[PDB]
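Trainee: Quick one: experimental structure and sequence below.
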Amino acid sequence: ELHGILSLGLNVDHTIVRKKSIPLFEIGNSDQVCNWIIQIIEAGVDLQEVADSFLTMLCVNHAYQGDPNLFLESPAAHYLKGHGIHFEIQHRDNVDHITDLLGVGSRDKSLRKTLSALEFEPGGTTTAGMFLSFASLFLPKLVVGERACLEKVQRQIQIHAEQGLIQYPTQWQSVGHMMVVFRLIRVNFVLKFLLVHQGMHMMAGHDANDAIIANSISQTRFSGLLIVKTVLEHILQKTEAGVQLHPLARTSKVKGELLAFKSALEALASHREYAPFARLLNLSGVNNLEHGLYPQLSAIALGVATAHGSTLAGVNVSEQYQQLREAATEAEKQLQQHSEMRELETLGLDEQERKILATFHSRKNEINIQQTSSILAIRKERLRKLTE
Amino acid sequence: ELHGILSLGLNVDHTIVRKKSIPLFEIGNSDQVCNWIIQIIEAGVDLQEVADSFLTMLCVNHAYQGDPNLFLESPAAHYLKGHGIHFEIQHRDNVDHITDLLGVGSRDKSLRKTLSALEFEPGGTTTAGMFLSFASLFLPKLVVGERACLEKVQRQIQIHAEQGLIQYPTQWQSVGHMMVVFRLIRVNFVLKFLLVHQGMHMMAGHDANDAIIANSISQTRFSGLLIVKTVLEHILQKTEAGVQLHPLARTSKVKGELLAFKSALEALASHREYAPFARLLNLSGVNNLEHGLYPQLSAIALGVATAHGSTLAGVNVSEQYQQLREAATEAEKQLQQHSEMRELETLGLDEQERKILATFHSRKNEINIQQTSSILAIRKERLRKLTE
Amino acid sequence: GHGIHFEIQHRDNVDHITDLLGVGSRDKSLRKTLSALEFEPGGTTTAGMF
RNA sequence: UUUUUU
RNA sequence: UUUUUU
RNA sequence: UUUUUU
């Protein structure tokens, strides 16, 4: 095969090319230490290296009541092993301040200056679970950007307060605090992976915070992977007999992009349970799935998908995909109407049964058009009010 | 075979014809030493021999937390072994200045004068990972030249800042600093190979810097090898039944170039995972793949490729390939339209299904023509504004 | 059967009469004249009447 | 010598 | 680079 | 996020 050159170095075998070691602390006052860490985050000081260790300890306090010996035996730590990430257990007896967990060295010595200056509140009421839930609120639409993150987080805050599930501290719902939390969970990988694992693997026994985390993980599936959903659901549509190709995707240049996309999906399927979270977790073969590598396939698939529903009309695209998207959308509208008349005729139904279903279909289309127009106006208003 | 003479000395067996030994240092203050090295680079002093050692230590600080004992066991060092490149571990106890890592000898004695004169900043905030990411930003379009390097780097700087991923020091985003970094990573081989290996082999667990490096390595595939992509995707197009030859490539003189090109691709395939990076890494058989050895094949392939998309119209060629490229492009346009009418007719579709797809195809072609004209105007404007 | 055939050519946005015209010497000459006319934006005359 | 978009 | 609704 | 009656 002389054409395999184009696929060289894409779906490479699993290999460990790093060594990362994280210190976990066996202590007695795990709750107090976690409260101190939460206060440290609230202040907004950057955690150079101890961010990973502090957030992992915050996670093991919520998942395993605070002892890391049980965490190293968990499936999460087993998965992190094999990618070069290991955890260290280190006993401490008297932890009167947060700083004696820090080591010695240039960065630790620099950060000790700042952590020594804070006035920690001796009595505080905030568990690790509350912080973990608030952080999980950011996971859907995290790859979109700051605006969408904060917007969705507020929306979810009302959704969870009305549900009578949790109340968050008022200082947590300010723009500044949300901004620092966005920094923190955008940069860090271990926190996001631990949230994903806990959310999508706890089969029962959810607390309030566990319920919130599970919901947020469910809402995060295929975030940043809209191309996969659109292509698989509409372009490479599967039927009872086989994989039917859509009529709008039979252009010659689309076919090559479709072949390469099949290969890229084949690579993405390697991460079994975490494939829906590839863009969030920055897994290996996720840069191979981009608009820009498959310009017209992406535009056509999004247009075909937009033709069906009414909320996909609010998805923005770059300057160079709008017109092809609209053309595909209108073509799919006309094709869908034609197929619906033919399928209505082929069905075994009466005269009155015709007319009931036909009036219903007309009303359905009308509702769909009206809702799509409303969504388009909403998107235009949002965009044009952003830029003022 | 009397014709094998023309292929003598092209795909030669693997053999080691060099011996290169690099000293790696086992120390305690790896972070401080790396900060000193970064400051040395920031000043702009040339590193005669210690460039390789300093950058390799900078890489092992980011990949393995700073101990070279783990790096010598890595697959990267195993690959470098077998090409005559070895690493030396050398313990040091008290490293109070950068200069005591240097040895004794004419070049070291000369460079000690300069490194003794710098005023190193005792406290600095810049990891090895940040420098490695900034250097990886240069890898795509590195073989093009200084202009494209700096242009793409700035574009990526906005892309990564808007994504909320990293912030770089302001002095790093000046033309002078980018210029010295271009010198440094253009000359050095070990740094580029280490960046490539880390980017394309880390399957999961990416940090922010690891994510940036992986993205930049993904964008670097087949950089400087546009001829391979064009020929393999269009000229030697492969089908369900075999490798179809394009109609425009059946001229007699193109056939011999195509045979030689098949041999050259056969040689290039020897480097399995690093074939996409052959021109960047200056691998063995990459001078055998040039425009100039295959003049008309290159021109025809680029023209056929340009006919399909709209961004390939911005690729420049030499004085002696423009007209053949344009002729091939126009011929491919007409052939593509003919094939599209025939393929539309052969498909099993209705009357209305005709007209929907035919209007869609017309709109698609119109959009394509408009975008190609815009890109051509952009290229003309860029070139004619460069030369003023 | 007498050598006269018709071509179907799709156009999306026809804001003026001139963009139906092609490119060429005669079309380029006639575009000058059709560009100078002041077409009446609202008119009441069908093709059937003509 | 490379020249586009990602 | 991502862009919707959930 | 759920929305009725039992």
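Mentor: Received it, and whenever you're ready, just let me know what you need. Numbering: from 1, shown residues only, chains lettered A, B, ... in the order given.
Trainee: Near RNA strand E, which residues of chain A? Just list them.
Mentor: With the criterion set to C-beta under 7 Å from any atom of the strand, chain A comes near RNA strand E through A:140-141, A:143-145, A:148, A:152, A:155, A:219, A:223-227, A:229, A:279, A:290-292, A:309, A:311-312, A:314-318, A:375. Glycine gets a C-beta too; all of them are placed from N, C-alpha and C.
Trainee: out of the residues you listed, which touch RNA strand D?
Mentor: For RNA strand D, the contacts drawn from the residues of chain A next to RNA strand E by C-beta under 7 Å from any atom of the strand are A:290, A:292.
Trainee: Longest helix in chain A, please.
Mentor: helix A:351-386 (DSSP state H).
Trainee: same for that one, what does it pack against?
Mentor: helix A:322-346 (3 or more C-beta pairs under 8 Å, 6 or more residues apart in numbering or on different chains; DSSP states H and E).
Trainee: one more time with 10 Å
Mentor: Judged by 3 or more C-beta pairs under 10 Å, 6 or more residues apart in numbering or on different chains; DSSP states H and E, helix A:351-386 is in contact with helix A:146-162, helix A:295-308, helix A:322-346.
Trainee: Out of these, which is closest to RNA strand F?
Mentor: Among the helices and strands packed on helix A:351-386, the nearest to RNA strand F by C-beta to the nearest atom of the strand is helix A:146-162 (4.1 Å).
Trainee: what angle separates that closest one from helix B:146-162?
Mentor: Here helix A:146-162 runs at an angle of 20 degrees relative to helix B:146-162 (axes from the mean of the first three to the mean of the last three C-alpha atoms, to 10 degrees).
Trainee: quick one on the thing from earlier: just the buried ones among the residues of chain A next to RNA strand E, please.
Mentor: For these, a burial check counting by 16 or more other C-beta atoms under 10 Å in any protein chain shown picks out A:140-141, A:143, A:152, A:219, A:223-227, A:279, A:290-291, A:312, A:375.
Trainee: Of all pairs in the residues you listed, which one is the farthest apart?
Mentor: With C-beta to C-beta as the measure, no two of these lie farther apart than A:290 and A:375, at 25.3 Å.
Trainee: RNA strand D versus residue A:64, what's the distance?
Mentor: 41 Å (C-beta to the nearest atom of the strand, to the nearest Å).
Trainee: Look up the closest residue to that residue, ignoring the ones flanking it.
Mentor: Closest residue to residue A:64 apart from its sequence neighbours, by C-beta to C-beta, 6 or more residues apart in numbering or on different chains: residue A:70 at 4.5 Å.
Trainee: Please apply the same query to residue A:269.
Mentor: Here the residue nearest residue A:269, using C-beta to C-beta, 6+ apart, is residue A:275, at 6.1 Å.
Trainee: What are the boundaries of the helices in the stretch 51-200 of chain A?
Mentor: In the stretch 51-200 of chain A, the helices defined using DSSP state H, counting those that start in this stretch lie at A:68-71, A:75-80, A:106-117, A:128-136, A:146-162, A:175-187, A:190-201.
Trainee: Near chain C, which residues of chain A are found?
Mentor: Contacts of chain A with chain C, taken as C-beta under 10 Å from any C-beta of the partner chain, map to A:323, A:327.
Trainee: Of all residues in chain A, which one is nearest the centre?
Mentor: residue A:220 (3.8 Å; C-alpha atoms, centre = their mean).
Trainee: Hmm, that one is touching residue A:142, no?
Mentor: Yes - using C-beta atoms under 10 Å, residue A:220 makes contact with residue A:142 at a distance of 7.8 Å.
Trainee: Can you work out which residues contact both of the two?
Mentor: When C-beta atoms under 10 Å, 6 or more residues apart in numbering or on different chains defines a contact, the residues bordering residue A:220 and residue A:142 alike are A:192, A:279, A:280.
Trainee: The last one: neighbour count?
Mentor: Put plainly, it is residue A:280. 25 (other C-beta atoms under 10 Å in any protein chain shown).
Trainee: which residues does it contact?
Mentor: Contacts for residue A:280 were tallied using C-beta under 10 Å, 6+ apart; they are A:139-140, A:142-143, A:189, A:192-193, A:195-196, A:217, A:220-225, A:274, A:286.
Trainee: so what's whatever residue of the stretch 101-250 of chain A ends up closest to RNA strand D closest to, chain neighbours aside?
Mentor: Per C-beta to the nearest atom of the strand, residue A:227 is where the stretch 101-250 of chain A lies closest to RNA strand D, at 11.5 Å. Among residues not flanking residue A:227 along the chain, residue A:298 sits closest, at 5.5 Å (C-beta to C-beta, 6+ apart).
Trainee: which ones are touching that neighbour?
Mentor: Contacts for residue A:298 were tallied using C-beta under 10 Å, 6+ apart; they are A:226-227, A:230-231, A:235, A:257, A:261, A:289-292, A:317-318, A:321, A:324-325.
Trainee: distance of the residue in chain A that chain C sits nearest to from residue A:170?
Mentor: For chain A, the residue closest to chain C is residue A:327, as judged by C-beta to the nearest C-beta, at 9.0 Å. Distance of residue A:327 to residue A:170, computed by C-beta to C-beta, to the nearest Å: 50 Å.
Trainee: between these two, who's got more neighbours?
Mentor: Under the criterion of other C-beta under 10 Å, the comparison of residue A:327 against residue A:170 puts residue A:327 first, with 23 against 8.
Trainee: got the contact list for the more buried one?
Mentor: A:248, A:299-300, A:303, B:359-364, B:366-367, C:12.
Trainee: before we move on, back to that, please identify the deepest-packed of the helices and strands packed on helix A:351-386.
Mentor: Most buried of the helices and strands packed on helix A:351-386 by mean neighbour count (mean count of other C-beta atoms under 10 Å in any protein chain shown) is helix A:295-308; its value is a mean of 24.
Trainee: so that one versus helix B:295-308, what angle?
Mentor: 10 degrees.
Trainee: Tell me the buried residues in stretch A:108-115?
Mentor: A:108, A:111, A:112, A:115.
Trainee: Over to stretch A:363-373?
Mentor: Across stretch A:363-373, burial judged by 16+ other C-beta under 10 Å covers residue A:372.
Trainee: so how far is that stretch from its chain's centroid?
Mentor: Distance, stretch centre to chain centre, for stretch A:363-373: 30 Å (C-alpha atoms, centre = their mean, to the nearest Å).
Trainee: do the same with stretch A:321-340
Mentor: 29 Å.
Trainee: can you check stretch A:45-64 too?
Mentor: Per C-alpha atoms, centre = their mean, the displacement of stretch A:45-64 from the mean C-alpha position of its chain is 21 Å.
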